[PDB]
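Notes to accompany the following structure.
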Amino acid sequence: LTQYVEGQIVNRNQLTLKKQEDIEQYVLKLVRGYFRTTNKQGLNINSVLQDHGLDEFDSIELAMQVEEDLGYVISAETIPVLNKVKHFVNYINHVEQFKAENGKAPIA
Amino acid sequence: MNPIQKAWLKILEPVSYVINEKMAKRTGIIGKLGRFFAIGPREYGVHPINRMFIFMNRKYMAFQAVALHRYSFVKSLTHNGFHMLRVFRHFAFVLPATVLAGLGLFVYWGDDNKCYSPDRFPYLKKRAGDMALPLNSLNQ
Amino acid sequence: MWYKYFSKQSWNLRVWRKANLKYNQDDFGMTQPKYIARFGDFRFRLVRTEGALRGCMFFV
Amino acid sequence: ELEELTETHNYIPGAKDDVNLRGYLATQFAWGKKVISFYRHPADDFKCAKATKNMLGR
Amino acid sequence: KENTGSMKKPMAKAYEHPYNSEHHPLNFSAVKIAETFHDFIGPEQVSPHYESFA
Amino acid sequence: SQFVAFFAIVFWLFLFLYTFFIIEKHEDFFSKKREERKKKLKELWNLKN
Amino acid sequence: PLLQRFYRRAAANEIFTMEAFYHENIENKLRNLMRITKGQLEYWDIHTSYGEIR
Amino acid sequence: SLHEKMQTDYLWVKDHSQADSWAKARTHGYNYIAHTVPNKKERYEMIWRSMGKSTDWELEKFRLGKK
Amino acid sequence: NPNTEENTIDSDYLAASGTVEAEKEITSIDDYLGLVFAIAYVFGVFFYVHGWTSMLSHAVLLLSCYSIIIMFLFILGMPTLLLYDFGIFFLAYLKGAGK
Amino acid sequence: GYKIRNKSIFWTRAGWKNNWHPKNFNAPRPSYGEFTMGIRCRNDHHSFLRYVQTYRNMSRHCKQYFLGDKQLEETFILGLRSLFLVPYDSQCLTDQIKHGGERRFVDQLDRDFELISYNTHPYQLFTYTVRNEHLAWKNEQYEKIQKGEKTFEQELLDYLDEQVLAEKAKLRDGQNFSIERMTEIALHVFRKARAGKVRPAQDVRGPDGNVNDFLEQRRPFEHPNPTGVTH
Amino acid sequence: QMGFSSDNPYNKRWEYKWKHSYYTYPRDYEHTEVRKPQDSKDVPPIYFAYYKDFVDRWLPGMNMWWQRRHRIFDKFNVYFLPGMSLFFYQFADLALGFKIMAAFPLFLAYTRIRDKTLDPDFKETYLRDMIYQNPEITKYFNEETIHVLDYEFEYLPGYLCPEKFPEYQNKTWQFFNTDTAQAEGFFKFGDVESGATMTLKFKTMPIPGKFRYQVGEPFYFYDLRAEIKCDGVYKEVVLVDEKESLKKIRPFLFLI
Amino acid sequence: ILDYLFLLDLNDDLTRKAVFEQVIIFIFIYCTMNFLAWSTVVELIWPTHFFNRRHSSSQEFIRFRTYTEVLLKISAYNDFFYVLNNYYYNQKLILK
Amino acid sequence: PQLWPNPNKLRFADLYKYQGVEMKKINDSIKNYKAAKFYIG
Amino acid sequence: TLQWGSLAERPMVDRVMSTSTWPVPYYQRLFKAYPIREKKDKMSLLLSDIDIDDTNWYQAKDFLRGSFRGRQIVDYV
Ligand SMILES: CCCCCCCCCCCCCCCCCC(=O)OC[C@H](COP(=O)([O-])OCC(O)COP(=O)([O-])OC[C@@H](COC(=O)CCCCCCCCCCCCCCCCC)OC(=O)CCCCCCCCCCCCCCCCC)OC(=O)CCCCCCCCCCCCCCCCC
Ligand SMILES: CCCCCCCCCCCCCCCCCC(=O)OC[C@H](COP(=O)([O-])OCC(O)COP(=O)([O-])OC[C@@H](COC(=O)CCCCCCCCCCCCCCCCC)OC(=O)CCCCCCCCCCCCCCCCC)OC(=O)CCCCCCCCCCCCCCCCC
Ligand SMILES: CCCCCCCCCCCCCCCCCC(=O)OC[C@H](COP(=O)([O-])OCC(O)COP(=O)([O-])OC[C@@H](COC(=O)CCCCCCCCCCCCCCCCC)OC(=O)CCCCCCCCCCCCCCCCC)OC(=O)CCCCCCCCCCCCCCCCC
Ligand SMILES: CCCCCCCCCCCCCCCCCC(=O)OC[C@H](COP(=O)([O-])OCC(O)COP(=O)([O-])OC[C@@H](COC(=O)CCCCCCCCCCCCCCCCC)OC(=O)CCCCCCCCCCCCCCCCC)OC(=O)CCCCCCCCCCCCCCCCC
Ligand SMILES: CCCCCCCCCCCCCCCCCC(=O)OC[C@H](COP(=O)([O-])OCC[N+](C)(C)C)OC(=O)CCCCCCCCCCCCCCCCC
Ligand SMILES: CCCCCCCCCCCCCCCCCC(=O)OC[C@H](COP(=O)([O-])OCC[N+](C)(C)C)OC(=O)CCCCCCCCCCCCCCCCC
Ligand SMILES: COC1=C(OC)C(=O)C(C/C=C(\C)CC/C=C(\C)CC/C=C(\C)CC/C=C(\C)CC/C=C(\C)CC/C=C(/C)CC/C=C(\C)CCC=C(C)C)=C(C)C1=O
Ligand SMILES: Nc1ncnc2c1ncn2[C@@H]1O[C@H](COP(=O)(O)OP(=O)(O)OP(=O)(O)O)[C@@H](O)[C@H]1O
Ligand SMILES: [Mg+2]
């Protein structure tokens with residue numbers, strides 16, 4: 001549960017959002033943190049990642065970072081549909097609702 | 001420079017003092033003789049045999065990596081991994097087997113190392129002073 | 001979105017157990033004759049294909 | 001990059017080069033003038049086979 | 001304001017591969033074989049003379 | 001002559017009769033990416049690279 | 001004639017020349033890239049004078 | 001224009017009347033080559049240039065033609 | 001220098017001319033390239049390619065005598081594995097539909 | 001300098017500069033269901049997702065050995081994309097490749113990841129070596145700055161800022177200090193600085209046509225026997 | 001349920017479908033997060049490539065046969081073919097013809113076990129084309145915005161109710177089959193644009209088509225139901241109803 | 001202890017076949033022959049690679065940067081390159 | 001710079017502790033000899 | 001010419017000197033001696049004619065972030 005950060009070992013922390021407002025703030029912070037993102041302040045809930053300098057391969061790095069922060073196991077069949085900020089928000093809700101009803105994580 | 005050369009130095013440390021300090025500069029012939037047998041870093045001291053091994057070791061090893069890195073004959077039988085039609089799959093393990101057989105290249109070099117030589121005719125000639133004998137000498 | 005990039009021109013065949021189900025076995029081959037009797041019908045009924053039957057009878 | 005071609009067994013010269021200019025210079029007078037296809041690996045085999053109502057898959 | 005600039009401490013080192021060296025490189029290429037070949041045949045035997053030996 | 005006829009028949013012709021390649025494709029996502037990727041580089045091409 | 005081996009010399013003799021002219025061939029490729037680069041830097045020389053023009 | 005103007009000009013590229021009757025070298029030099037002379041590489045260049053003039057630098061005609 | 005030394009020129013372009021024929025779509029060039037080397041000492045006897053093997057044994061044509069057998073066995077197996085690849089339908093791949 | 005004179009250099013039996021579908025006798029032909037009994041093919045429609053998962057693995061498995069170096073992760077990402085964008089931007093019509101370029105590139109990338117999973121890929125070792133050589137030079141600067149000492153890079157920056165003032169202080173007729181002038185001032189300083197260093201000989205020939213190697217010692221002979229070590 | 005499954009965490013429903021070009025298997029299974037150099041083991045142990053092929057190719061293949069072993073325990077595989085193999089094995093020393101007739105029923109048994117233990121693969125491209133033709137589904141779902149949350153598809157065990165499917169009460173068909181060859185499952189879908197979710201429940205059975213002896217479609221959806229759920233709207237779509245589909249077509253009853 | 005270890009015997013191999021002593025000679029020659037053939041094929045890809053990466057570029061097309069060219073530019077630049085960049089920045093972006 | 005060793009103007013003690021590129025290769029080979037103790041053993 | 005002399009004097013005709021020094025050493029150098037495989041401070045020559053790409057703005061920030069005025073430019077852009 002530890003990772004190297006600038007040569008130093010640090011304990012990783014997992015997040016539990018369980019709230020629509022906290023999800024929107026997380027995704028925005030996530031996309032704004034990506035070094036390829038443009039117009040970080042012009043980013044909103046209805047922003048297309050292609051309009052901010054992101055391609056299909058950048059949507060993978062974003063999902064890869066979602067698995068780091070939330071502990072999800074995202075399949076490759078779900079990544080190529082994450083092309084908007086609104087998509088990351090609804091996917092996170094679908095995963096939390098699925099675990100609350102089915103009692104298990106979605107198929108990886 | 002290598003450790004064996006450094007070992008010579010500690011043993012020849014006093015000898016170097018006599019040649020390089022005293023003889024190498026005294027005068028006349030004793031100088032020419034001491035400056036000729038000077039002790040120090042070897043001029044053209046490289047060992048080509050060592051280098052010949054390093055080169056041939058590297059070239060033959062690059063061949064081992066190719067010959068040993070082959071797709072499996074067993075995995076191609078199911079038609080489920082990476083290989084549907086492989087009409088020469090039965091040649092997959094020929095080069096690997098040929099390289100592994102190369103480990104006995106020097107262990108079994110010459111006739112004497114492949115059998116019990118005293119039961120062979122060439123042994124009689126060696127014990128007779130490398131001298132020609134009739135072919136039926138092992139029976140008489 | 002893998003179905004978006006899937007080409008429907010591969011639907012020309014319906015491959016199942018190394019056999020194309022869209023094969024007119026009623027007009028070509030050992031199965032075309034409809035005057036076949038109880039034994040010949042029960043034989044194809046088991047294998048469903050002349051290719052599998054011929055292959056097995058090759059060794060038999 | 002040369003080690004990458006070797007360790008992946010891409011030992012067909014000019015397969016991963018978009019313009020294998022060295023391949024065109026060697027084939028200026030070759031029979032069946034052709035250059036290797038892009039990213040062709042010496043181990044891949046896309047051969048297929050089918051059985052039809054006619055012989056030889058025809 | 002620019003003269004006030006300072007520097008951050010960078011990382012001490014990157015990862016050091018325990019099975020790759022300069023004399024025993026892990027991966028293969030004709031470049032290292034060429035290096036060993038010329039060590040073997042040695043440098044170009046340049047003649048300092050005014051005429052060839054033969 | 002017999003040298004050519006041997007390999008031209010045992011390998012070249014033999015495999016041309018009993019093996020083939022399909023023309024139908026199952027996936028064509030390179031064609032549509034190259035078009036979108038070319039629009040992303042429209043300005044650099046305008047500079048004549 | 002069986003000119004296969006000659007075809008291999010003609011190509012090598014041509015590459016021998018392309019290598020000898022590497023510096024010139026590449027320098028000409030950059031003369032156009034530098035032209036593109038110099039053209040984009042003209043927009044900054046215009047803005048630096050706006051404060052004086054104003 | 002002047003370059004193409006002279007290429008098309010019949011006078012500039014015209015064999016003399018007796019040219020047909022003259023002895024003609026029917027090789028470009030690839031049959032017997034000097035391999036060990038210090039101008040070796042210079043010789044190959046003249047072979048390549050002779051082969052190119054024959055085909056207007058479209059060497060596909062040479063590949064298709066008879067050797 | 002690969003552009004002045006005719007020894008590396010001949011070997012480099014020769015190998016490139018051999019591997020480029022993978023576009024003929026025979027089979028994996030990584031598989032049958034080793035058999036080509038053996039077949040070369042069968043028909044290369046006409047060109048004396050076996051010369052460097054004269055001191056390696058008491059038979060100058062040893063490698064050529066083995067290669068002709070190798071060439072025969074693996075070519076004899078090429079049709080056998082091809083039928084194994086067709087499967088139980090292999091007879092339909094050859095003759096087609098029955099009558 | 002020198003241009004290829006053969007106009008047919010890029011001609012192939014399949015067309016001009018065709019390296020996607022070379023012409024061969026056994027050409028692809030269509031298949032008809034009503035007439036096809038059985039078929040053996042390895043093609044499928046799984047390359048798109050394999051292209052995605054392959055990128056995620058190569059990125060995540062190489063980051064294991066970056067030690068949290070954020071600048072290296074970002075630099076590596078830019079390099080990883082350059083390897084996956086090859087089919088999207090190449091002259092080669094990767095969409096018209098013989099038997100499916102999508103399956104071809106995916107299978108080719110998988111062979112790269114196999115080496116990455118073992119941490120034996122040359123790009124990995126090249127990255128570790130290049131980075132260690134970079135951090136050693138950044139730490140040398142840090143140690144000199146903490147000591148209040150000036151770095152070799154700042155001495156030039158300061159020496160160049162003053163050289164510009166000297167040039168524009170006399171350039172009064174004109175007032176357009178082009179980037180070309182700024183450049184040749186620095187180069188005049190770099191050549192002088194580089195020549196000052198005791199560097200190994202890079203150019204074959206020095207001021208004279210003669211080579212600058214240790215082997216280019218010809219007659220006349222003026223060196224005596226070599227002397228031994230001093231005690 | 002997916003039969004062929006390794007310790008690899010990603011792409012479970014594609015593990016048997018994807019044909020990797022690896023020479024050997026990767027050192028470590030696909031990482032779910034960035035790890036440390038000491039988390040993995042450099043220079044893996046000796047004979048590691050042979051170990052992986054056993055625990056990543058052989059073992060999950062045997063777990064498939066064991067998971068679906070209830071489909072091969074028929075009187076034809078258990079008694080007929082082995083008994084036929086023993087009758088000729090007593091004469092295998094007399095001639096070669098007995099060795100062949102003694103091994104054929106065993107290769108035949110393996111082929112039926114091989115084909116029957118595979119995971120039931122339907123033509124999913126026919127399915128997605130079917131749902132994307134319905135306007136009530138396309139109102140909330142699109143291929144460029146849909147993602148899979150769960151997938152389950154497995155054969156139904158034993159003979160079914162002998163009133164809805166009297167076909168399987170055939171002593172001749174039972175001698176060859178102990179199962180029905182029918183499958184039942186569901187699909188948990190989600191749309192990242194509309195936020196909608198639906199459970200696509202479906203039942204399948206093999207049917208005959210256009211021919212006499214050959215099956216037309218081994219997995220024909222005779223019941224296809226979708227319970228769509230959105231922000232505050234619940235819809236129930238019936239693309240294929242079984243009460244109306246079973247009146248037109250009947251199962252195929254595989255033999256051999 | 002089993003009789004399978006009898007295969008390790010070469011003193012008395014002349015009593016059974018006397019074939020091993022001759023076949024391995026061929027195997028050693030066959031390995032030597034392949035070593036010369038394969039080593040030439042795999043090694044001689046460098047002249048093509050060395051040439052194309054240095055002469056295959058054209059001005060009517062875009063040359064895209066590779067992995068190595070990315071790391072070398074960002075993590076292997078020398079001091080003069082660092083100076084020239086900041087020298088241009090300070091003069092034009094800061095001091096105009 | 002100028003303190004670099006010269007084979008002519010060299011001290012005895014310095015030659016004994018030279019440790020040039022030749023030794024650097026050997027030390028890399030020794031690193032493999034030691035790591036192979038368990039495999040050979 | 002093709003008649004350069006005897007076989008023994010063949011290595012004589014190669015040298016071409018840039019000075020008037022006599023006698024002239026005959027040996028014509030083939031290659032440059034490279035005894036030590038030294039890592040060159042020199043930057044790689046592959047970075048020659050590569051068009052503008054993402055590496056240009058990523059490196060610009062790294063150099064701009066080294067200045068106070070540059071940190072403002074990057075953050076605002
Ligand atoms: C008790 C001790 C404690 C034990 C407990 C601990 C247990 C832990 C075990 C740990 C690991 C064990 C290792 C094995 C497990 C592997 C499992 C796995 O998943 O690996 C997959 C693994 C994955 O592939 P890979 O990692 O990519 O590469 C693997 C290899 O590197 C290369 O892969 P490849 O596929 O490319 O290699 C192919 C090669 C593999 O090498 C072999 O296995 C040799 C095969 C020889 C036998 C071939 C049988 C042919 C069929 C004949 C039918 C009759 C049989 C009768 C037998 C009677 C015997 C007297 O076979 C071939 O060469 C195929 C061509 C065959 C020749 C062509 C002609 C054939 C027909 C000839 C007919 C002649 C008949 C004439 C007259 C007939 C008249 C009737 O593939 C493997 O199979 C691994 C094999 C590793 C080598 C094992 C053997 C080591 C040598 C030991 C010394 C010899 C002892 C055994 C001798 C056996 C009899 C000769
Ligand atoms: C003698 C030495 C013996 C040595 C024995 C050695 C030990 C042997 C043991 C092992 C036996 C082999 C094992 C075989 C089974 C293996 C599996 C297999 O292969 O599949 C079965 C396999 C299937 O046959 P198929 O060719 O695929 O079927 C063709 C169509 O698919 C069928 O199409 P379809 O099903 O739709 O309809 C068929 C038929 C419709 O058929 C029917 O519907 C009739 C159905 C009647 C059923 C009867 C039910 C009986 C129930 C029991 C009784 C009631 C219970 C009462 C209980 C009372 C209790 C006391 O329609 C036709 O019209 C057929 C064409 C007309 C007949 C052509 C016959 C040509 C014969 C030429 C020779 C003529 C000889 C005449 C003079 C002979 C005087 C001796 O059976 C055979 O292969 C039979 C053997 C064929 C060999 C032919 C080569 C020999 C040529 C004939 C001999 C010529 C004479 C030579 C010497 C003469 C010296 C005088
Ligand atoms: C009990 C007492 C017994 C012991 C007494 C102790 C003393 C014994 C004698 C030891 C002598 C050591 C010092 C002299 C060695 C080198 C002499 C020499 O001419 O080399 C200078 C010559 C160039 O010197 P340079 O004047 O400064 O010109 C520099 C240019 O770069 C050169 O290139 P370039 O193209 O610019 O200029 C032309 C080039 C023209 O030359 C070349 O470029 C190539 C010359 C052909 C090389 C040989 C190819 C043979 C293929 C292999 C077959 C035989 C292998 C030997 C073993 C076979 C199994 C027994 O060189 C020349 O200027 C004129 C060439 C003069 C004749 C060359 C041929 C000499 C024979 C070499 C092979 C000897 C073995 C076969 C003899 C029969 C064996 C029974 O270098 C070579 O010839 C290299 C070839 C290997 C030479 C060493 C071979 C072993 C010792 C040979 C002694 C020769 C006399 C005995 C055999 C003659 C029988 C007809
Ligand atoms: C000295 C000898 C020299 C000879 C050298 C020859 C050496 C040859 C080496 C070649 C390699 C052989 C190894 C074979 C590997 C087989 C592995 C395997 O089992 O995988 C299955 C595999 C089939 O899988 P698949 O085709 O991929 O797909 C299957 C479909 O999914 C299936 O679709 P489906 O489900 O719709 O099909 C239904 C079913 C249909 O099946 C049927 O047709 C039914 C048959 C009738 C059954 C009996 C019905 C009884 C009904 C009773 C009714 C009772 C009613 C009760 C009512 C109840 C009342 C209450 O089909 C099957 O499931 C059976 C297919 C598998 C049959 C395998 C037969 C193998 C026989 C080999 C025997 C001899 C082996 C000796 C080995 C010795 C080694 C030392 O078998 C094959 O692929 C066979 C290919 C073999 C071709 C080899 C050809 C090589 C050339 C040989 C002759 C050359 C002569 C010229 C010589 C020139 C000199 C060189
Ligand atoms: C030297 C020591 C080592 C030697 C090793 C062997 C090196 C061999 C060198 C390479 C030889 C390559 C021969 C390829 C010939 C292809 C010519 C061609 O493209 O046809 C064009 C021809 C001609 O078109 P063209 O345009 O290319 O040439 C025109 C020729 N003129 C100018 C005269 C008009 O057209 C065809 O397409 C006909 C195709 C017929 C192909 C018959 C040859 C088949 C043999 C190859 C298969 C062998 C597989 C062996 C595997 C064995 C495994 C055990
Ligand atoms: C009575 C004496 C016994 C005689 C000796 C018999 C030996 C039997 C065992 C060795 C042979 C095994 C078959 C090897 C050929 C198949 C290769 C393979 O594994 O592919 C797997 C394949 C995997 O599929 P795949 O290889 O096609 O690839 C799948 C798709 N990809 C590539 C994408 C992943 O699966 C199968 O073939 C099904 C399982 C094979 C069953 C093999 C028999 C196992 C027997 C187990 C015995 C258990 C009881 C006794 C032992 C108890 C232990 C304590
Ligand atoms: C494992 O995979 C493989 C390789 O790795 C990739 C290969 O490189 C290769 C290629 C192999 C090579 C290039 C090596 C080839 C070697 C050959 C042909 C023989 C070499 C022969 C020599 C170098 C001559 C040696 C002469 C002698 C030994 C005779 C005189 C005796 C001497 C010199 C030693 C004295 C004898 C003793 C028993 C005392 C031993 C002394 C010591 C151990 C002291 C050591 C001292 C120190 C300081 C280490 C193969 C085949 C391979 O299979
Ligand atoms: N039209 C076709 N032409 C040639 N070969 C085919 C064709 N269709 C399938 N094949 C081969 O048969 C195999 C099985 O086909 P199948 O339709 O079952 O794959 P699938 O992934 O399950 O498709 P789907 O996603 O629609 O369910 C394929 O992997 C392919 O190798
Ligand atoms: Mg399916």
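To find a chain, count down the sequence lines: A is the first, B the second, and so on, and within it residues start at 1. Whatever order the structure lists ligands and atoms in, that order sets their numbers, starting from 1.
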- Message: For ligand 2 and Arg43(C), I'd like to know whether there is a polar contact (N/O to N/O, distance under 3.5 Å).
- Response: yes
- Task: With atom 14 (C) of ligand 5 as the reference point, say which of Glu21(I), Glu25(I), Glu23(I) has the nearest heavy atom.
- Result: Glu21(I)
- Message: What protein heavy atom lies closest to atom 68 (C) of ligand 1? Include the residue and the distance to one decimal.
- Response: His90(B) CB, 4.8 Å
- For ligand 5, the portion of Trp31(D) having any non-hydrogen atom under 4.0 Å away: both
- Among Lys66(H), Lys24(I), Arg63(H), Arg13(J), whose heavy atom sits nearest atom 32 (C) of ligand 5? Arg63(H)
- Message: If you take the centroid of each ring, where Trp contributes its six-membered ring, are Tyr50(K) and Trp58(K) closer together than 6.0 Å?
- Response: no
- Of the side chain and backbone of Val49(I), name the one, both, or neither that has a heavy atom under 4.0 Å from an atom of ligand 5. neither
- Do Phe37(I) and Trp38(L) have ring centres separated by under 6.0 Å? yes
- Centroid-centroid distance, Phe98(K) to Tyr89(K), less than 6.0 Å: no
- Message: Need the ligand 1 atom indices (1-based, order shown) with element for anything under 4.0 Å from a heavy-atom of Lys75(B).
- Response: 23 (C), 24 (O), 27 (O)
- Query: How about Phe43(I) and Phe3(F): are their ring centroids closer than 6.0 Å?
  - Reply: yes
- Message: Show me which atoms of ligand 1 lie under 4.0 Å from any heavy atom of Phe93(B).
- Response: 32 (C), 37 (O), 38 (C), 63 (O)
- Message: Looking at atom 81 (O) of ligand 2, tell me if a protein heavy atom falls under 4.0 Å from it.
- Response: no
- Task: Return yes when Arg38(C) approaches ligand 2 closer than 4.0 angstrom through a heavy atom, no otherwise.
- Result: no
- Message: Would you say the ring centers of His41(D) and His9(D) fall short of 6.0 Å from each other?
- Response: no
- Message: Please confirm whether the ring centroid of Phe104(K) lies under 6.0 Å from the ring centroid of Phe59(C).
- Response: no
- Task: For residues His90(B) and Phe73(B), establish whether the separation of their ring centroids is below 6.0 Å.
- Result: no
- Message: Give me the nearest non-hydrogen protein atom to atom 34 (P) of ligand 1 as residue plus atom name, then the distance to 0.1 Å.
- Response: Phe73(B) N, 3.5 Å
- Numbering as shown, the atoms of ligand 1 that approach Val74(B) to under 4.0 Å (heavy-atom distance): 35 (O), 83 (O)
- Item | Within-cutoff protein neighbour (heavy atom, under 4.0 Å) for atom 1 (C) of ligand 5 | yes
- Would you confirm whether the ring centroid of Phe16(F) sits within less than 6.0 angstrom of the ring centroid of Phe25(J)? yes
- Query: Closest non-hydrogen protein atom to atom 13 (C) of ligand 1, residue and atom name please, with distance?
  - Reply: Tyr50(K) CD1, 4.2 Å
- CA sep, side-chain torsions, deciding dist, call: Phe4(K), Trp65(K), ring pair (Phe, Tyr, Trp, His ring centres under 6.0 Å): CA-CA 9 Å; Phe4(K) 192 101; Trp65(K) 288 22; over 10 Å; no
- One finds that the ligand 2 atoms under 4.0 Å from a non-hydrogen atom of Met57(C) are 18 (C), 19 (O)
- Any protein heavy atom nearer than 4.0 Å to atom 41 (O) of ligand 2: no
- Item | Closest to atom 10 (C) of ligand 5 among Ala37(L), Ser17(I), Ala15(I) (heavy-atom distance) | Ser17(I)
- Item | Under-4.0 Å heavy-atom contact with ligand 1, by part of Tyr47(K) that carries it | neither
- Query: Centroid-to-centroid, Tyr71(B) to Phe82(B), below 6.0 Å?
  - Reply: yes
- Task: Using distance alone, decide if ligand 1 has a nitrogen or oxygen within less than 3.5 Å of any nitrogen or oxygen in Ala49(K).
- Result: no
- Message: Does ligand 1 come near enough to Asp53(K) that some N or O of the ligand is less than 3.5 Å from an N or O of the residue?
- Response: yes
- Query: Does some non-hydrogen atom of the protein lie less than 4.0 angstrom from atom 40 (C) of ligand 5?
  - Reply: yes
- Record the part of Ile39(I) in heavy-atom contact with ligand 5 below 4.0 Å; permitted values are side chain, backbone, both and neither. side chain
- Task: If you have a sec, work out which protein heavy atom is nearest atom 19 (O) of ligand 5 and how many Å separate them, to one decimal?
- Result: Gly32(D) CA, 3.4 Å
- Note on the structure: re atom 24 (O) of ligand 1, the protein heavy-atom contact at minimum distance is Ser72(B) OG, 3.3 Å
- Pair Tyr47(K) + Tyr51(K): ring centers closer than 6.0 Å: no
- Would you call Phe11(F) a ligand 5 contact, heavy-atom distance under 4.0 Å? yes
- Task: Could you check atom 17 (C) of ligand 1 against the protein and tell me its nearest heavy-atom contact, residue, atom and distance included?
- Result: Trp58(K) CZ2, 4.1 Å
- Message: Suppose we measure from atom 7 (C) of ligand 5 to each protein heavy atom; which comes out shortest, and what is that distance?
- Response: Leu14(I) CD1, 4.3 Å
- Counting only heavy atoms on the protein side, is anything nearer than 4.0 Å to atom 29 (C) of ligand 1? yes
- Item | Heavy-atom protein neighbour under 4.0 angstrom from atom 32 (C) of ligand 1 | yes
- Message: Quick check on atom 26 (O) of ligand 2 - does any protein heavy atom sit closer than 4.0 Å to it?
- Response: no
- Using protein heavy atoms only, decide if any is under 4.0 Å from atom 61 (O) of ligand 1. no
- Mark whether atom 53 (C) of ligand 5 lies under 4.0 angstrom from at least one protein heavy atom. yes
